[PDB]
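[1] Enclosed are the sequence and the experimentally obtained structure.
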Amino acid sequence: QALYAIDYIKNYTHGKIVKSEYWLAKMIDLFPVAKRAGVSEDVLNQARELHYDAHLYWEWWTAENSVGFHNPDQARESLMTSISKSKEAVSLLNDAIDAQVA
Amino acid sequence: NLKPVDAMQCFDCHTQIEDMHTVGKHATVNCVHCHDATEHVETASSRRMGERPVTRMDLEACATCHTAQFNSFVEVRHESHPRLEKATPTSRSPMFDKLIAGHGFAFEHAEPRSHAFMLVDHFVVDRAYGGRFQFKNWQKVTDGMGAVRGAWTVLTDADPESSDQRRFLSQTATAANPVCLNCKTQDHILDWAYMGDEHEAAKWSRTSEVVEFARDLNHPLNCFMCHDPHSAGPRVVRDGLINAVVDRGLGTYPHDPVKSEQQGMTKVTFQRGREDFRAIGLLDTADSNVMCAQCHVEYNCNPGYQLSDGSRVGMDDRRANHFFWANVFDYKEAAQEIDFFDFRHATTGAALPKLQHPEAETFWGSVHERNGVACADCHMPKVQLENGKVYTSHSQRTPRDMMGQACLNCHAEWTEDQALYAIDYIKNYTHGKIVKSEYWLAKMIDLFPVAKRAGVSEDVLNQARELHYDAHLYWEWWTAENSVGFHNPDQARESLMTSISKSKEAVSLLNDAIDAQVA
Amino acid sequence: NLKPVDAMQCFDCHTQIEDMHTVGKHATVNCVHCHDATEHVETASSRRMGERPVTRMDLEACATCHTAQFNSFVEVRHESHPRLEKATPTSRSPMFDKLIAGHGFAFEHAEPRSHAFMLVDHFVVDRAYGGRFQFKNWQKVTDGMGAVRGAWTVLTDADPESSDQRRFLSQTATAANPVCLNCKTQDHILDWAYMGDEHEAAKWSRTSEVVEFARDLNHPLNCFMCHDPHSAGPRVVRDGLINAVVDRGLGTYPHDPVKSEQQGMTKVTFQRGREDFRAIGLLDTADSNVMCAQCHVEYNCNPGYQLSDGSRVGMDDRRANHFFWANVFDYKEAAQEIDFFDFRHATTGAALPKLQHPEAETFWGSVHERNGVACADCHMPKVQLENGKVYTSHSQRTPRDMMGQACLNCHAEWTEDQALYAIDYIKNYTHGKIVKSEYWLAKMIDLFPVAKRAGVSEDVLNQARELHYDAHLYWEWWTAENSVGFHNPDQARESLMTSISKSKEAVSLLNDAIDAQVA
Amino acid sequence: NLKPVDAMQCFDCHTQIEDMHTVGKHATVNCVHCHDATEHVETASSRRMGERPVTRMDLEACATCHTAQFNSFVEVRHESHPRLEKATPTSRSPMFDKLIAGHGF
Ligand code: HEC
Ligand code: HEC
Ligand code: HEC
Ligand code: HEC
Ligand code: HEC
Ligand code: HEC
Ligand code: HEC
Ligand code: HEC
Ligand code: HEC
Ligand code: HEC
Ligand code: HEC
Ligand code: HEC
Ligand code: HEC
Ligand code: HEC
Ligand SMILES: O=S([O-])[O-]
Ligand SMILES: O=S([O-])[O-]
Ligand SMILES: O=S([O-])[O-]
Ligand SMILES: O=S([O-])[O-]
Ligand SMILES: O=S([O-])[O-]
Ligand SMILES: O=S([O-])[O-]
Ligand SMILES: O=S([O-])[O-]
Ligand SMILES: [Ca+2]
Ligand SMILES: [Ca+2]
């Protein structure tokens, strides 16, 4: 039972780490597309400021060795923040790329 | 200590109960085991209920005389890893987030775990109630017996003062609606009209505030979902299943008219104010294929859209509670017949179906189903005892835990390791084709933004969107279905090859169109 | 399928059953579960039985609603070695044949095995029925479930045409009599008057032909031996126990009047033809010490002789069914009170007692008993489940199989190995003193022929025979008692040292007398 | 907490201890680990003990620096059956009582 409790936390936290990485990667891959579409430096810098937070609130948890066990609520809140920041950056870059196309 | 009541008094007004109770194996089981009807009897007339009697829906109402079945049911399989997200490289759908983008399952979709937890897991998953409900703490995730005693003994509500569906944490969704609960509990069996239609006698319906409904529900998988409490005979209670089998006349085995007749269902209707209210389906035989199909099917239990005009189909529409009762190769026709799709893909814009755990529809026509094997033979076999009264195990779990009873009694030519090897051959092969299907779907999906920004025509994009529907259907069936192909390995193979073919067709269409824009 | 009967009509005549059934936890359990009384009800008056109703005594009557308890009971402990003779160097009593010579146990006395087998083992042991009864073949010795279904489903009778006790093989005895069966079954509970006295309404009594009685008996350790079927409350049914505790006013705990009052017994009597016929003892609490003491006691269940004049005491005498209800140090006085001994030693000629399994009387005053521990705590513990409804294990067996529940919940300071080591320290020490007691008894016994042949006086031989009674009592208690000292290690030690002291005194007496004859 | 004593002073009288202690692998192990000699040193001469010093004989005196050896020593072998009489048919000497008669064993 105690092992099962550990695994519930680690499995849940790892799922959110993987989703955080999915969204960070989606954001990262838009940078070359935005650059080559002629998106402004102003927009790219806005996305870079979001990257700082998206990265911090993800990497803390791949760096930290307990896969959330040491503080499961904090891991959850942080990883949801990472995903939110990446999603904000994805929407910013997608809109800017689309405006360049139109 | 219980004191028996005179059932003859009740039978004067309750003739259907009389006909069931006096004939079956509960003829000697007094009503007081499950009902407190003292004030009811004092106030009722032949057509008016008067004071509402109390009916027990707790599983302990059955555990008093059937401890063995209850204990086997409530056991927690700790090897069934809990809260394990499927959208990870080590689980069922490594590219799920890209493929499902636009759907609420992107917020969380874990592997199933033991039946004791079904209602609490429904309440706490990130896609359901915006994170409103949590276990009281992270220790409680282990407590199967507590969950069975009641969800609200182990859960907390972030805001008991409001009843609206809303996000309490950012990366959650509010997909839950009242239809979901029919596959988690039947505590509401006397408070919900057939199909969840509006009804004067129903407290709850498809259009209820789901947070309020949630608070009224406690027990998972009540014992009476498969066993009539009055006759003790085999039954189903799930409205969607009765509607498919009986109302739409599709039969218990839609591909086999003979087996449908031998192993059929009889709809029994109960009234309120002499108006039809609720129904059950009595089974000809104790057929676990049909019992388990109350939940282990592909369904609608959600709002969606029409394929014809794209208009919203809300919870108020009957289509929001629907059993398709169709195998993978008949599913598209079944969705077209009700003019329905689930979501638009966030990247491709394609109208797509959302598939869920179609074990029953997958099992049809398989070698085991054709040879008269049923879910319970592999997942809740009879116990083998050197000296003891045999009973049926109710711990519904993988046969890997009980291979002697689940497989080897039939397969005498095999050792346990050989039978496990045969399972793994099928699962490994099927999973390889799922991963390849996802690779090709993802390759197609990633071409949509490239095509859009290259100026590819809407005509071409819509052609690719129509292919996306099929590529998705013929893939997602198999990540949704829990056997990783074991239940029907040839069908999985044919379907997944179809998925790959459709994606490849779309990739070639989009690549050519992008290239023509460049030249 | 059972159809319920009108219990209220029965209660018009059966007022004691009414008072028990309507109040207890079987108030909702219809009489048809255990009685077929249709013709009885048609023909009875309050003063005449009319047609005799059928009463079910099979354990399956209870297993329908209490499968967990039934299955735990019927389980066979294969580690309890079967048909293992105690008179061997590797068992409990290496010198038993020399010491017991003249008694029927010299023909066979095996170690106990699982409760499922008690009636069949009683029927087939070489000392009981002259070898008349056998298992149908040697494979049937494994079949606990079959024995529980009924003895005559697994046994054969060498001569169904005769009913006399006789030898069918040379080295057998015919020690069985009707009193024995009271500790193997209660199938005869409605056919046997209290104590087995003659009664117009009793088919069977102490003086019946035991072979005929045997053929009418089927089930071992009926569930109702400890649980009243009407109230579901705790009870005993064994006449000899009720006689000791209630009739003779000894109390449930003869050494503790306070515990006797708190944990007492109430005698309830049933009549036939308005004369007392049978009785039960309702317990104040669910006290396994007293439930198990229905059988695990020292008793008379046999003819014997008077200490006063040596005259025969036959089965017709009340003393042939007797619970001494006395510890080892009170037993000689208890036997003097009824003027009784069992056999004359074949070699020494001494009047001797025969002791059997005095677990209950040994447990009194021990550290565990004084601390309120009871047999069930160590031998029938509650089951421990991660998730499940708790019930009481009915697999009455050594705590070595379930040390976590039997010992270590109380003894938190110990590991399993430490607790086992503590058991073994006691058993090893006690067994060593048993072996030394047998060495000295055997030395004394062997001097009797030497003394007789040397012309030693009858006066000296009689003084030695008096010592033999004590040397025997204070040894045999401990080969008869099954815990090898664990139940009361200080008492075992004191007693076995007394045995050795007595034997040494007799050896000295005889050696001196022989030496004086030679001089 | 132990406070070391001046071993050189002890050696002014205890020459055999000096020759043993200063040469071996306990040359750095202070006498206070095993002796309480405060009043002894105050009252002794080379020819009179004075107050008797306390000497520790408990095994914990060594276990402080040699826990591994101490723990391996104190372990109980539960498989070495306890209080098992040798004069039984299943032990070492089945006829021991007859053969040893007259002896305390
Ligand atoms: C006629 C005077 C009645 C007697 C006697 C009993 N009941 Fe009844 N009951 C009656 C009516 C008219 C209704 C409304 C439904 C209908 O058939 O028209 C009911 C309802 C119930 C229910 C359902 C309660 C709910 O929550 O929906 C139960 C469980 C019930 N009744 C049980 C019951 C029992 C156990 C009785 C004997 C003690 C009994 N009823 C007497 C009418 C009458
Ligand atoms: C004791 C008072 C009972 C309560 C409460 C419940 N059941 Fe029962 N059940 C009971 C008996 C005596 C029997 C007959 C046993 C036999 O084999 O003859 C039954 C039977 C069932 C069966 C088997 C029915 C069949 O094979 O036709 C089922 C599936 C069953 N019972 C289920 C059940 C459920 C789900 C209960 C809670 C709602 C329940 N029983 C209560 C005794 C008692
Ligand atoms: C005593 C010194 C403890 C040790 C060692 C461990 N745990 Fe613990 N745990 C302890 C307390 C007092 C609490 C809070 C209890 C309460 O109900 O208030 C906990 C909590 C947990 C939880 C829940 C955490 C949450 O965030 O809600 C889990 C899953 C848990 N403990 C598990 C656990 C495991 C697996 C341990 C060994 C690695 C462990 N705990 C050590 C007390 C102590
Ligand atoms: C019966 C037709 C069902 C309806 C309606 C709903 N669910 Fe379900 N659910 C069902 C089964 C048979 C299973 C187990 C098999 C599987 O593939 O998982 C489930 C599982 C869940 C789980 C646990 C796994 C997970 O996805 O995290 C949750 C959290 C869950 N279901 C939630 C849920 C919600 C929110 C529903 C309404 C939108 C819903 N379910 C409907 C059967 C059925
Ligand atoms: C459907 C998913 C089921 C639920 C929920 C419950 N049971 Fe069940 N039960 C099920 C099957 C398929 C069978 C075997 C039918 C066959 O003949 O093959 C059973 C059997 C019973 C029985 C009969 C005795 C036995 O075979 O063990 C009893 C008494 C019974 N089940 C009780 C029971 C209880 C108490 C439940 C809730 C804990 C329960 N069942 C749930 C299918 C289903
Ligand atoms: C034996 C011939 C089977 C029959 C009949 C059914 N299923 Fe099955 N199932 C089977 C296997 C070998 C597996 C894989 C198990 C493994 O450990 O690899 C499965 C899997 C499931 C699962 C997922 C179980 C898990 O992963 O823990 C579910 C939910 C499941 N099966 C349900 C199910 C239903 C509802 C059936 C009747 C329609 C059914 N199975 C039949 C073997 C067999
Ligand atoms: C009065 C008209 C009676 C009614 C109604 C019932 N019984 Fe009876 N019973 C009656 C008598 C006079 C006797 C003889 C014993 C006595 O008390 O004098 C009995 C006996 C029984 C027995 C014991 C049978 C035996 O083997 O000794 C049983 C088990 C019994 N009765 C059960 C019973 C039941 C279940 C009834 C309702 C269906 C019932 N009896 C009605 C008098 C009367
Ligand atoms: C189902 C129709 C039953 C049959 C046949 C038997 N018993 Fe029973 N028993 C039954 C119920 C519903 C209950 C109450 C359960 C509760 O906890 O509320 C009982 C209870 C018992 C008990 C416990 C009594 C107590 O006071 O704690 C015992 C010891 C018991 N039952 C024994 C028993 C025996 C020996 C039976 C065969 C003669 C038997 N029961 C039949 C349901 C049923
Ligand atoms: C209750 C007071 C009893 C009476 C009367 C009889 N027996 Fe018994 N027997 C009893 C117990 C508690 C045990 C188990 C503990 C033990 O020391 O063995 C037994 C055991 C047997 C056995 C099996 C062991 C053996 O000796 O081979 C047999 C064959 C047996 N008993 C036969 C028997 C006969 C023939 C009796 C009447 C002369 C007799 N028993 C009476 C409890 C009681
Ligand atoms: C098949 C080639 C067999 C092998 C190998 C073994 N046994 Fe057997 N056994 C066999 C038969 C056909 C019979 C007679 C069956 C009948 O019901 O008539 C038996 C009998 C036994 C018995 C009963 C002996 C008796 O005298 O009544 C026992 C205890 C038995 N067998 C055990 C047994 C064991 C332990 C074996 C492996 C060493 C074994 N048998 C081999 C068929 C065959
Ligand atoms: C005396 C030797 C017993 C016999 C024979 C049977 N049971 Fe029993 N039972 C016994 C004890 C000491 C207890 C526990 C009492 C306590 O409260 O500590 C029990 C308990 C039961 C119960 C209650 C539920 C539980 O605790 O498990 C039931 C339903 C019960 N026993 C049933 C039962 C049946 C069916 C038997 C025949 C197979 C049976 N018991 C025999 C003592 C004795
Ligand atoms: C725990 C404190 C105990 C209580 C209370 C009772 N007994 Fe016991 N018993 C106990 C032990 C440790 C042993 C030796 C088991 C071993 O494997 O070494 C015993 C032994 C028995 C036996 C013989 C069992 C066997 O050898 O398989 C019997 C028949 C027995 N005990 C009966 C018994 C009765 C009737 C009790 C209440 C009066 C009783 N025991 C109390 C531990 C405990
Ligand atoms: C001369 C002035 C001494 C000094 C400085 C110390 N000790 Fe001594 N010790 C002395 C004498 C004359 C004796 C009597 C034995 C003898 O050799 O004639 C002792 C005895 C001891 C003993 C043994 C005590 C016993 O129980 O027999 C010990 C352990 C001892 N002494 C230790 C000791 C230590 C540790 C000193 C330095 C702190 C020390 N002694 C000083 C004479 C003198
Ligand atoms: C710490 C303050 C120590 C106390 C108290 C004891 N001993 Fe010791 N011992 C100590 C050291 C630092 C060493 C040298 C380790 C090395 O390998 O360099 C030792 C050595 C031993 C040895 C080995 C001697 C050899 O020649 O190989 C033994 C056998 C030994 N020690 C035993 C021992 C005993 C029995 C003690 C209690 C009377 C004891 N030591 C105390 C450090 C310390
Ligand atoms: O018997 S029911 O239909 O009231
Ligand atoms: O959401 S449920 O269908 O798995
Ligand atoms: O109720 S009984 O005593 O007939
Ligand atoms: O009360 S009786 O004697 O009919
Ligand atoms: O013979 S019985 O008492 O062991
Ligand atoms: O050094 S010792 O001999 O005093
Ligand atoms: O050397 S001593 O005698 O002081
Ligand atoms: Ca769906
Ligand atoms: Ca006796």
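    All right, it came through fine. Numbers count the residues shown, from 1 in each chain, chains lettered A, B, ... in the order given. Ligands and ions are numbered 1, 2, ... in the order given.

[2] which residue ranges form the helices in chain A?
    Along chain A, counting by DSSP state H, helices occupy A:2-36, A:41-63, A:72-101.

[3] and the angle from the last one to helix A:2-36?
    To tie it back to what came earlier, the one meant is helix A:72-101. Here the directions of helix A:72-101 and helix A:2-36 differ by 20 degrees (axes from the mean of the first three to the mean of the last three CA atoms, to 10 degrees).

[4] which parts of helix A:72-101 are buried?
    By 16 or more other CB atoms under 10 Å in any protein chain shown, the buried positions in helix A:72-101 come out as A:72, A:75-76, A:78-90, A:92-94, A:96-97, A:100. Every C-beta, even on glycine, is put in place using the N, C-alpha and C of the backbone.

[5] Please apply the same query to the longest one.
    Within helix A:2-36, the residues that qualify as buried by neighbour count (16+ other CB under 10 Å) are A:4-5, A:7-24, A:26-28, A:30-31, A:33-34.

[6] got it, and the second one?
    Burial within helix A:41-63, assessed by neighbour count using 16+ other CB under 10 Å, is assigned to A:43, A:46, A:47, A:50, A:51, A:53, A:54, A:55, A:57, A:58, A:61.

[7] Present the helices of chain A as JSON lines; the columns should include distance to chain D.
    What follows is the helices of chain A, written out as JSON lines (distance: least, CB to the nearest CB, whole Å):
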{"stretch": "helix A:2-36", "distance to chain D": "27"}
{"stretch": "helix A:41-63", "distance to chain D": "37"}
{"stretch": "helix A:72-101", "distance to chain D": "38"}
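
[8] Identify whichever of these lies nearest to ligand 14.
    With distances scored as CB to the nearest ligand atom, the stretch of the helices of chain A nearest to ligand 14 is helix A:2-36 (38.8 Å).

[9] Report how many residues lie close to whichever residue of chain A sits closest to ligand 20.
    Nearest residue of chain A to ligand 20, counting by CB to the nearest ligand atom: residue A:65, 57.7 Å away. For residue A:65, the neighbour count with other CB atoms under 10 Å in any protein chain shown is 8.

[10] Excluding covalently adjacent residues, which one is nearest to the residue in chain A that ligand 11 sits nearest to?
    Distances between chain A and ligand 11 by CB to the nearest ligand atom are smallest at residue A:1, namely 23.5 Å. Of all residues not flanking residue A:1 in the chain, residue B:142 sits nearest, at 4.6 Å (CB to CB, 6 or more residues apart in numbering or on different chains).

[11] any idea how far that neighbour is from ligand 8?
    Counting by CB to the nearest ligand atom, to the nearest Å, the gap from residue B:142 to ligand 8 is 26 Å.

[12] Hmm, that residue is touching residue A:5, no?
    Yes. The criterion here is CB atoms under 8 Å, and residue B:142 meets it with residue A:5 at 5.5 Å.

[13] before we move on, back to that, now the helices of chain A in a markdown table, with distance to ligand 1?
    As requested, the helices of chain A are exported to a markdown table (distance: least, CB to the nearest ligand atom, whole Å):
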| stretch | distance to ligand 1 |
| --- | --- |
| helix A:2-36 | 37 |
| helix A:41-63 | 49 |
| helix A:72-101 | 40 |
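
[14] Quick check: which of the buried residues of helix A:2-36 are also close to ligand 14?
    Checking the buried residues of helix A:2-36 against ligand 14 by CB under 6 Å from any ligand atom, not one of them is in range.

[15] List the residues that contact the residue in chain A that ligand 5 sits nearest to.
    Residue nearest to ligand 5 within chain A: residue A:1 (21.3 Å; CB to the nearest ligand atom). Applying CB atoms under 8 Å, 6 or more residues apart in numbering or on different chains to residue A:1 gives the contacts B:78, B:142, C:386.

[16] Closest one to ligand 12 out of these, please.
    Nearest member of the contacts of residue A:1 to ligand 12, counting by CB to the nearest ligand atom, is residue C:386, at 24.7 Å.

[17] isn't residue A:60 right up against residue A:77?
    No. Contact criterion CB under 8 Å: residue A:60 and residue A:77 do not qualify, at 11.2 Å.

[18] what number of residues lie near residue A:66?
    Neighbours around residue A:66, by other CB under 10 Å: 14.

[19] Tell me the spacing between it and chain C.
    Distance of residue A:66 to chain C, computed by CB to the nearest CB, to the nearest Å: 25 Å.

[20] Then residue A:77?
    Using CB to the nearest CB, one gets 31 Å for the distance from residue A:77 to chain C.

[21] With residue A:82 instead?
    For residue A:82, the distance to chain C (CB to the nearest CB) stands at 36 Å.

[22] In contact with residue A:12, which residues are there?
    By CB under 8 Å, 6+ apart, the residues touching residue A:12 are A:68, A:72, A:76, B:83, B:85.

[23] how about 10 Å then?
    Residues in contact with residue A:12, defined by CB atoms under 10 Å, 6 or more residues apart in numbering or on different chains, are A:67-68, A:72, A:75-76, A:79, B:82-85, B:108, B:110, B:126, B:138, B:141.

[24] cool, residue A:30 as well?
    Residue A:30 neighbours (CB under 10 Å, 6+ apart): A:37, A:39, A:47, A:89, A:90, A:92, A:93, A:94, A:96, A:97, B:449.

[25] Out of those, which is nearest to ligand 9?
    For the contacts of residue A:30, the nearest to ligand 9 is residue A:90 (78.3 Å; CB to the nearest ligand atom).

[26] correct me, but that closest one touches residue A:23?
    Yes. Using CB atoms under 10 Å, residue A:90 makes contact with residue A:23 at a distance of 7.0 Å.

[27] list residues touching both of those two?
    Common neighbours of residue A:90 and residue A:23, counting by CB under 10 Å, 6+ apart, are residue A:54.

[28] Of all residues in chain A, which one is closest to ligand 7?
    Proximity of chain A to ligand 7 (CB to the nearest ligand atom) peaks at residue A:1, 48.0 Å away.

[29] Surely residue A:54 touches residue A:89?
    Yes. In this structure, residue A:54 is within contact of residue A:89 by CB under 10 Å, at 6.5 Å.

[30] what do these two both touch?
    Counting by CB under 10 Å, 6+ apart, the residues touching both residue A:54 and residue A:89 are A:23, A:24, A:27, A:28, A:47.
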